[PDB]
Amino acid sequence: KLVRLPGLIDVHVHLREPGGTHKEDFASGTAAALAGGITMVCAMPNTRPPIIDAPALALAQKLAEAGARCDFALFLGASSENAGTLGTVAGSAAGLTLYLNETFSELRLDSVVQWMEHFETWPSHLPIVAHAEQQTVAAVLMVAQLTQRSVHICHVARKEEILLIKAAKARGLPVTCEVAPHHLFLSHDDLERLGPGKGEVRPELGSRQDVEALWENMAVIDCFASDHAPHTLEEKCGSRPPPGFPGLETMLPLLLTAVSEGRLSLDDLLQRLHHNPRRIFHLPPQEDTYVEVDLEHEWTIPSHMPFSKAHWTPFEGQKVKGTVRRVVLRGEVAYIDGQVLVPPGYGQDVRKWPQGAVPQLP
């Protein structure tokens, strides 16, 4: 007997198109999404060219409309030069992404004053997400309060970070956050097996105490999001390994295993992969869309999943219980038992739907 879930949403993926299409493209990344029970993705802007102005966004929109197999929204990225220039296209994006630490990106902001400028000029009703680690979480929360608006913290990975966010929420501050599966299911104990190249990720893998702190503070976690960050094995094992793990195809099976073990409820999972993503990013419903999962099937994660061009996974050898059997997207069968059945281009930009615009005061 299968369980029917709504269409799940991943608010943090890297689809690498344009400019890194040997790692992933819209067609291969959205195939990975559908196979992981994900029917809508929000794509980060750290591509080549990065999505930091209107021409780059226009190019990315057309590439996604032609290649995506599931529905999507595209983030804009903050730069040292584009504050105050995005007003005409801001509403067409998933939100604005601030890169506040070192990671796979050249979108460096090197002064808090630049963060302030973005918080002041970006329209106040639209989402802002931040790559902000350790004390940077406190710093960006300060900038959000100075400018009297909300912020969403990407991939929280540490006891320090989740407890700071917990304290902010207790004071009534408008902050939300997401946690990626590798920070719930991997730790320092796995670095010997992975090695220093494969093991490179930002935020880095945490201690066992970090992992335990995230589970203990699940009530503080608003969303799960994969931070699907594909790189080839050659790149991961080469002289200057880029950080990041692929994760779309393994996220839901890992979390279904935890549900089966009683670590969180099915509702806890659906809040964090459906309802809270919808409400934080004002993402629209998807008509006639659902995911059927088999919670009984036991299997072991192989050395690579079928669809991501990354062609490797850090979860190799983990035993999971739960698998995606079928996905229906807007009335068409999109995935069944390892076969993707919608072509590149089937997916649409949800911000162009009338119900996908963020409401605002005139």
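In this text, residue numbers run from 1 along the sequence as written.
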Review point. Comparing 189-197 with 242-250, which stretch shows the greater average C-alpha B-factor in the deposited entry?
Key: 189-197
Exercise for review: For the higher mean C-alpha B factor in the entry, choose 336-344 or 6-14.
Suggested key: 336-344
Check your understanding: Looking at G322, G29, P45, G36, which has the highest CA B-factor as recorded?
Key -> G322
Exercise for review: Among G84, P174, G95, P285, single out the one with the highest C-alpha B factor in the record, please.
Suggested key: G84
Study note, to complete from the structure: Chain-relative C-alpha B factor for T232 (record values, thirds): the middle
Exercise for review: Could you say whether, by C-alpha temperature factor, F104 belongs to the lowest, middle or highest third of its chain?
Suggested key: highest
Practice item. Could you tell me which third, lowest, middle or highest, the C-alpha B-factor of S79 occupies within its chain? Key: middle
Exercise for review: Check where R158 lands among this chain's C-alpha B-factors and tell me if it's the lowest, middle or highest third.
Suggested key: lowest
Point to revise | Record-listed C-alpha B factor of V41: chain third | key: lowest
